[PDB]
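Read the structure below first, then the notes.
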Amino acid sequence: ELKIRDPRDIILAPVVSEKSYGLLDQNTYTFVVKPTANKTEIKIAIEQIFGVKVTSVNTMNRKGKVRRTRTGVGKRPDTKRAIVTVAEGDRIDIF
Amino acid sequence: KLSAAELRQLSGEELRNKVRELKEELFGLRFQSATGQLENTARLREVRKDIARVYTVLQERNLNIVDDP
Amino acid sequence: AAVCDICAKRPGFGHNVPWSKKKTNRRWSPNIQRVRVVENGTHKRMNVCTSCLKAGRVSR
Amino acid sequence: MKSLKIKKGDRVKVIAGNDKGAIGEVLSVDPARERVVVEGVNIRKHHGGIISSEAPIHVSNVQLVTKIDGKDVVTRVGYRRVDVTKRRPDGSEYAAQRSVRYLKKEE
RNA sequence: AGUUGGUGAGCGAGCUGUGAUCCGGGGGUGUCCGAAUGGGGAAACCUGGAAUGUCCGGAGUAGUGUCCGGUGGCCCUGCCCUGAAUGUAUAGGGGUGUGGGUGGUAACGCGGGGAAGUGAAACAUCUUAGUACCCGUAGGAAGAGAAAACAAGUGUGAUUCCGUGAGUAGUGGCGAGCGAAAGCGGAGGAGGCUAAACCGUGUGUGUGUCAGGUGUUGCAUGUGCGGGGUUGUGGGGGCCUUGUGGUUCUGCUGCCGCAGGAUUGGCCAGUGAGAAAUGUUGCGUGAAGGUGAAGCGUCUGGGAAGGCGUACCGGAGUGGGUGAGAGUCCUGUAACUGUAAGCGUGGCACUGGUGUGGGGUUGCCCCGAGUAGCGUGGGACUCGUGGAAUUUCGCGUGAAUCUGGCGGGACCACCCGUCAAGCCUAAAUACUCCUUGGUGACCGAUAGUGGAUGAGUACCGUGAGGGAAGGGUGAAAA
RNA sequence: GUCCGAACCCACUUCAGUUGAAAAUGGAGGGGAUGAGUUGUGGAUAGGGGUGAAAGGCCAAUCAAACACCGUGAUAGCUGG
RNA sequence: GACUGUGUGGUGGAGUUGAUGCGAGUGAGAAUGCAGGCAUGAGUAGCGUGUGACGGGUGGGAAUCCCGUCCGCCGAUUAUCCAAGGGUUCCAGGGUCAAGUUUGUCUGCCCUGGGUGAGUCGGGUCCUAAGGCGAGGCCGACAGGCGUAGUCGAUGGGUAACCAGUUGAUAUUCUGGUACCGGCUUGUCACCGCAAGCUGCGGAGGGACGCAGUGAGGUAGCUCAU
RNA sequence: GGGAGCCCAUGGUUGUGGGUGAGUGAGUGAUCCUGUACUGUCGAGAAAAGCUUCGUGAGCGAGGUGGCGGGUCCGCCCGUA
Ligand SMILES: [Mg+2]
Ligand SMILES: [Mg+2]
Ligand SMILES: [Mg+2]
Ligand SMILES: [Mg+2]
Ligand SMILES: [Mg+2]
Ligand SMILES: [Mg+2]
Ligand SMILES: [Mg+2]
Ligand SMILES: [Mg+2]
Ligand SMILES: [Mg+2]
Ligand SMILES: [Mg+2]
Ligand SMILES: [Mg+2]
Ligand SMILES: [Mg+2]
Ligand SMILES: [Mg+2]
Ligand SMILES: [Mg+2]
Ligand SMILES: [Mg+2]
Ligand SMILES: [Mg+2]
Ligand SMILES: [Mg+2]
Ligand SMILES: [Mg+2]
Ligand SMILES: [Mg+2]
Ligand SMILES: [Mg+2]
Ligand SMILES: [Mg+2]
Ligand SMILES: [Mg+2]
Ligand SMILES: [Mg+2]
Ligand SMILES: [Mg+2]
Ligand SMILES: [Mg+2]
Ligand SMILES: [Mg+2]
Ligand SMILES: [Mg+2]
Ligand SMILES: [Mg+2]
Ligand SMILES: [Mg+2]
Ligand SMILES: [Mg+2]
Ligand SMILES: [Mg+2]
Ligand SMILES: [Mg+2]
Ligand SMILES: [Mg+2]
Ligand SMILES: [Mg+2]
Ligand SMILES: [Mg+2]
Ligand SMILES: [Mg+2]
Ligand SMILES: [Mg+2]
Ligand SMILES: [Mg+2]
Ligand SMILES: [Mg+2]
Ligand SMILES: [Mg+2]
Ligand SMILES: [Mg+2]
Ligand SMILES: [Mg+2]
Ligand SMILES: [Mg+2]
Ligand SMILES: [Mg+2]
Ligand SMILES: [Mg+2]
Ligand SMILES: [Mg+2]
Ligand SMILES: [Mg+2]
Ligand SMILES: [Mg+2]
Ligand SMILES: [Mg+2]
Ligand SMILES: [Mg+2]
Ligand SMILES: [Mg+2]
Ligand SMILES: [Mg+2]
Ligand SMILES: [Mg+2]
Ligand SMILES: [Mg+2]
Ligand SMILES: [Mg+2]
Ligand SMILES: [Mg+2]
Ligand SMILES: [Mg+2]
Ligand SMILES: [Mg+2]
Ligand SMILES: [Mg+2]
Ligand SMILES: [Mg+2]
Ligand SMILES: [Mg+2]
Ligand SMILES: [Mg+2]
Ligand SMILES: [Mg+2]
Ligand SMILES: [Mg+2]
Ligand SMILES: [Mg+2]
Ligand SMILES: [Mg+2]
Ligand SMILES: [Mg+2]
Ligand SMILES: [Mg+2]
Ligand SMILES: [Mg+2]
Ligand SMILES: [Mg+2]
Ligand SMILES: [Mg+2]
Ligand SMILES: [Mg+2]
Ligand SMILES: [Mg+2]
Ligand SMILES: [Mg+2]
Ligand SMILES: [Mg+2]
Ligand SMILES: [Mg+2]
Ligand SMILES: [Mg+2]
Ligand SMILES: [Mg+2]
Ligand SMILES: [Zn+2]
């Protein structure tokens, strides 16, 4: 079958913000993931990508903001973000 | 370089390795874009185009449009 | 029933026509009879019109 | 859609507008809306700072110019078909037919 | 030779001619929902495969959670097994996956159901109108169609459509209204199959059949398949006088004849409705393209296409652009050309595939049955039940079958026409959601589509549904 | 299906409001308040039909036959232009 | 006469005049006409229950913003937390055209960025009620009606976690401490064997049920305290 | 774990490290718990699963499973402002 599936298709981008950097103090990383991926799949993908033991994965769905402009209401895409908790010393480099 | 019809001179397993390497490069590019790096933005689309090309070659081989090496 | 399982005879539609000719819609149903049949080897009921029953197009 | 008869790098003469008779090189072509930029003709300000540079003018307001006998003469163009060979993306060869522009008033 | 869509620029690229963007054609990918189809569901969500090695294949983990792909909706139908109560057997059950279906669609088609407002100066018959709407169901068109026809004294010769006939003859609470046909003039122009006798081919069963022949030779019913046959001043079968395409030379009928036979003629006939449907070669092209003529000088002007002067092209002076009004600045136009490709398409050759009757004859045999008629209750025909033909539905009743049936406006006789109760048929006709080109004593932003802009949007309504308004700087953002 | 009385449900009187705070309310009192009570969620009944401890009541703020669209540019011996 | 000048300016920036024909969406003051713009009433009524005062700050601008102090108000609710419904209004920073019945430096407004973490909470993966749909099926000219086997459907049944702390914005979710439930796997002990077990399938038990009332034993809470 | 005012200091509408001190008794008392208890009563007050147990109208399944304490990892989707 065509279309090999890579674990990097699930993990889209890291979330960079004050809360994410504060969570880095707890070995916690916030990633924007594919909105159809469950916690187990995200955990396995993170493990395979980074060679890092993951203790916990917490996910939330975030609604996109709606703003009224010329041409009416626009709606930013919905996102799901996984909050991955890493083992005591493993560390993930997001650059 | 952006890959071309010389992908038809490769084998199935190394074409699949090319797919995996392209996916990993795209992963790195997306992370750089999120983190504020990646001045070279055109590569972020060209890597996806290359993935499309490799899948095109694989599917033509699988469907026997082009004889498989 | 008003439809024959053989020949598909179905009701007609026309008029009640009184002395004053004040026409009203009405129906003419076929004389459908429900009889026991043995087709090939199958025992079953069938709604059969009296015309087919008289012609013998139904096996009892 | 196809291209225009005037291409970048050509030497053309302005035949209409505030700069009739001006001769310059075609700096850039905008085929979609048929406007070209010729050096040292339509000097106006952009934006950014001042940027005193050339503004596009309509392609029909310029004409290819040739030097026949020491005087610049505006000329029209024609095309002739010449046998060429084109390479398919894989690199194979095949003989095909291509058009080449020539200036009139000089054969 | 530029290019990474638009509203709406500069980054970072590719093309830096290794020819991109772009254009035509053909593929690849195509999340989720939707007939939606593994199961469920509040459409775009959820959830799965009893226990076994796991539904099957792959990936991952020590292992389970997991991932990727495949598979199984329902109904009809084909094939195989089984056969209930129960005996035959069927229903049913278990396989197999053979085929088809589901839903959508602007108008036009066919079949069926079927209003009311309205008009009649009320109103019920009638009208509106078989309209609106609705149900079923197509096709590129459909329906109809090869005389159980018209005609009226000769004749016409399938159907459909157009013009007349004619607002006539008629019909009508003879009110309001409704309203033909023949004939004639045109568009377009085909006719073909079948059922039945009769002859070849099995099962509820032989004891009568010169080479041959046995209580049966091949004898009796009625099947499924072949021929044969298809018409009306009757035809066909049968019975015969002949005729099949030149034969290798097989059985039967009679050591006459009949049929299978085989490369080869072959009048022919063909992808059509025509009892059928399978490759190679000859044409112009549609989708893209290619070529495509011929002007300068001065004047005023921000700007020349305007003025003045003076030349040119024209199979091209239709347009539209360009800083103002351009035949020669641009796009094109005329004319010619290319089309590789198409599922290409149309036509031709070939290939390939399929194949005769005429005359006489009545003695017999066959010629479409719950049909045609008749009665009755309704419908359509100019015809509103009538002198009511013709045609149609429901319910009864129910024929002849050639010395016969039906039609010619009740009916009967004669005469003339025709042969129903089986089927298939192109063209002329209807239509435009769409595609391409073109047009307008058509509109020009309160118009023209509701909609020149985020328009079936904003907004209103629980919902079906309703439903707007807002265009213009300049030649160039300078 | 007792009594008094909050919540709750109701709506008898009065005043105010009546271009309202409100297309039916507010202030003051008033009836029921263990019952034929009241209330939440989901569901069922549909237009000559539903439902009605019955007032022609109610069925999405005007019901002696809802609303929407269609027949439709209904018709009007009437009124206006 | 409808109207008009081949008079003369201004504005304006691309068309259009006369003759003679031809064709009309060809003329408006009325329709409680339609659309838009704008008057009249009029700087008039109103500004939606109420208690604010002051000191300081910010600012171009302060009764109406911020801080503080007095004072007043609610408190079976003017408090706190859910469901339904809403949908980013939440937080931080920038803003004062519009919106806010005034002002506004302020906002539930605008702009930009950020914010919602669950094996246990509430739903699904479990269960059914009313009711819906419904393989076959029966009924009905067509369209359809009903319904079996089933399959859905909470407002009910079933179901394992608490306290503390932390952020500008989250918390039975994160963190700390200490638990519990179901799997997988593993160590060890004990036990089976027409006759292990597992999964299906059902039987039974159980789940499993009204209203009203009194009393008793407790605890939460509250009050007081030498 | 939580819980006040004392600290060179902090920083001056601020939080840090120490400084946390007490946990006792009586009264009163629920709409909560025992409790679907108990008593009274007519109007006679869901279903199904989970659950316990029983077999076997089905298959799987090896002589391997099923139990009791101990250890490791796995625990999904939606909501959460
Ligand atoms: Mg969550
Ligand atoms: Mg978007
Ligand atoms: Mg009628
Ligand atoms: Mg009888
Ligand atoms: Mg190419
Ligand atoms: Mg060219
Ligand atoms: Mg390309
Ligand atoms: Mg599905
Ligand atoms: Mg479904
Ligand atoms: Mg499927
Ligand atoms: Mg299994
Ligand atoms: Mg269909
Ligand atoms: Mg009537
Ligand atoms: Mg009338
Ligand atoms: Mg009248
Ligand atoms: Mg036809
Ligand atoms: Mg003929
Ligand atoms: Mg004719
Ligand atoms: Mg036959
Ligand atoms: Mg030219
Ligand atoms: Mg000129
Ligand atoms: Mg006949
Ligand atoms: Mg007759
Ligand atoms: Mg009759
Ligand atoms: Mg009639
Ligand atoms: Mg008759
Ligand atoms: Mg007669
Ligand atoms: Mg036909
Ligand atoms: Mg308009
Ligand atoms: Mg205008
Ligand atoms: Mg307007
Ligand atoms: Mg709405
Ligand atoms: Mg009482
Ligand atoms: Mg209340
Ligand atoms: Mg009252
Ligand atoms: Mg009053
Ligand atoms: Mg009382
Ligand atoms: Mg309902
Ligand atoms: Mg009354
Ligand atoms: Mg009402
Ligand atoms: Mg009525
Ligand atoms: Mg009408
Ligand atoms: Mg009128
Ligand atoms: Mg009047
Ligand atoms: Mg005129
Ligand atoms: Mg007018
Ligand atoms: Mg006016
Ligand atoms: Mg107005
Ligand atoms: Mg005024
Ligand atoms: Mg005053
Ligand atoms: Mg006044
Ligand atoms: Mg006053
Ligand atoms: Mg006042
Ligand atoms: Mg007030
Ligand atoms: Mg105030
Ligand atoms: Mg204050
Ligand atoms: Mg107080
Ligand atoms: Mg109190
Ligand atoms: Mg929410
Ligand atoms: Mg915001
Ligand atoms: Mg908002
Ligand atoms: Mg806020
Ligand atoms: Mg204001
Ligand atoms: Mg502010
Ligand atoms: Mg703010
Ligand atoms: Mg289930
Ligand atoms: Mg049920
Ligand atoms: Mg069914
Ligand atoms: Mg179930
Ligand atoms: Mg459920
Ligand atoms: Mg909060
Ligand atoms: Mg907490
Ligand atoms: Mg914790
Ligand atoms: Mg039980
Ligand atoms: Mg019970
Ligand atoms: Mg007590
Ligand atoms: Mg939350
Ligand atoms: Mg909250
Ligand atoms: Zn019948």
Side-chain angles (χ1 to χ4, degrees), chain A residues 1-5 7 10 17-19 22-23 26 28 30 36 38-41 43-45 48 56-63 65-67 69-73 81-83 85, chain B residues 2 4 38-46 52 55-56 59-60 63 65, chain C residues 1-3 9-17 20-23 25-31 38-44 50-51 54-56, chain D residues 1-5 7-8 15-18 20 28-29 31 34 42 44-48 55-63 74 76 78-81 86-87 89 91 97 99:
Chain A
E1 182 65 26
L2 183 63
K3 284 186 181 222
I4 300 101
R5 176 256 180 193
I10 301 299
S17 64
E18 307 188 56
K19 172 150 185 181
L23 265 50
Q26 287 69 240
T28 289
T30 309
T36 62
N38 47 335
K39 293 174 180 197
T40 291
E41 161 172 17
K43 182 172 181 176
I44 296 175
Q48 266 156 33
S56 178
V57 167
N58 284 2
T59 70
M60 65 183 73
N61 288 294
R62 168 86 56 75
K63 299 187 211 311
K65 287 185 193 181
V66 178
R67 183 178 182 270
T69 63
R70 319 265 60 73
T71 62
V73 292
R81 50 179 60 186
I83 297 169
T85 297
Chain B
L2 73 164
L38 188 153
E39 293 83 3
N40 186 7
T41 65
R43 184 85 198 112
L44 185 62
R45 192 73 190 80
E46 292 296 328
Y55 283 164
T56 303
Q59 183 62 75
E60 87 199 5
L63 274 162
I65 305 309
Chain C
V3 176
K9 201 191 283 278
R10 58 191 292 162
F13 292 81
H15 289 140
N16 285 319
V17 185
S20 61
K21 296 183 290 294
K22 184 178 184 293
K23 294 181 176 67
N25 295 326
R26 84 152 270 185
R27 194 167 103 170
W28 275 267
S29 303
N31 196 1
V38 187
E39 212 172 326
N40 303 323
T42 317
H43 305 274
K44 65 182 181 180
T50 43
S51 290
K54 183 171 96 151
Chain D
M1 61 79 71
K2 304 312 176 202
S3 66
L4 279 70
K5 294 186 189 308
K7 66 194 299 172
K8 194 180 103 166
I15 58 183
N18 284 121
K20 258 178 53 57
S28 66
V29 188
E34 293 179 353
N42 213 10
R44 293 181 184 271
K45 319 304 189 71
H46 299 201
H47 282 180
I57 71 163
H58 202 263
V59 74
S60 73
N61 292 328
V62 309
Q63 195 167 0
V74 289
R76 293 184 317 273
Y79 293 90
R80 273 190 282 257
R81 305 290 278 172
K86 304 164 91 74
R87 284 194 317 101
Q97 183 62 255
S99 302

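When reading the values below, keep in mind they use all heavy atoms of this one structure, side chains included, and skip hydrogens, waters and symmetry mates. Each chain gets a letter, A, B and so on, in the order its sequence line appears, and its residues count up from 1.
Put simply, the side chain of D:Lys2 and the base of E:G290 share no donor and acceptor less than 3.5 Å apart.
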Would you list the protein and nucleotides 472-478 of chain E atom pairs, both N or O, that sit under 3.5 Å from each other?
residue : atom : partner : partner atom : Å
E:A478  : OP2  : D:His47 : N            : 3.2
E:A478  : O5'  : D:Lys45 : O            : 2.8

Can you pull every protein N or O that's under 3.5 Å from an N or O on nucleotides 67-71 of chain E?
residue : atom : partner : partner atom : Å
E:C67   : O2'  : A:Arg5  : NE           : 3.4
E:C67   : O2'  : A:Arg5  : NH1          : 3.4

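Within 4.0 Å of D:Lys86, counting heavy atoms only, lies no atom of the nucleic acid at all. Within 4.0 Å (heavy atoms only), D:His58 reaches sugar-phosphate atoms of the nucleic acid but no base atom. D:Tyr79 comes within 4.0 angstrom of the backbone, heavy atoms only, and of no base. Using a 4.0 Å heavy-atom criterion, one finds that C:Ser29 contacts the sugar-phosphate atoms exclusively. Using a 4.0 Å heavy-atom distance criterion, D:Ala16 is classed as a sugar-phosphate-only contact.
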Assign a letter to each nucleotide of nucleotides 128-136 of chain E from its 5' end: B, base within under 4.0 Å of a protein heavy atom; S, sugar-phosphate only; -, no contact.
-> ---------
If a protein heavy atom is under 4.0 Å from the base, mark B; if only from the sugar-phosphate, S; if neither, -; do that for nucleotides 114-124 of chain G going 5' to 3'.
-> BBBBS------
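Taking C:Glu39 as the reference, nothing meets the side-chain hydrogen bond (donor to acceptor under 3.5 Å, both in side chains) condition, with sequence neighbours excluded. Partners of A:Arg81 under the salt bridge (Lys or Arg N to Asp or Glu O under 4.0 Å) rule, at least two apart in sequence or in another chain, do not exist in this structure.
Dashed line: the shortest gap from a side-chain N or O of B:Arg43 to OP1 or OP2 of E:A13 is not under 4.0 Å.
Taking atom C1' on both H:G50 and G:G206, the two are 11 Å apart, rounded to the nearest angstrom.
Spacing between atom CZ of D:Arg76 and atom P of E:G332 amounts to 15 Å, rounded to whole angstrom units.
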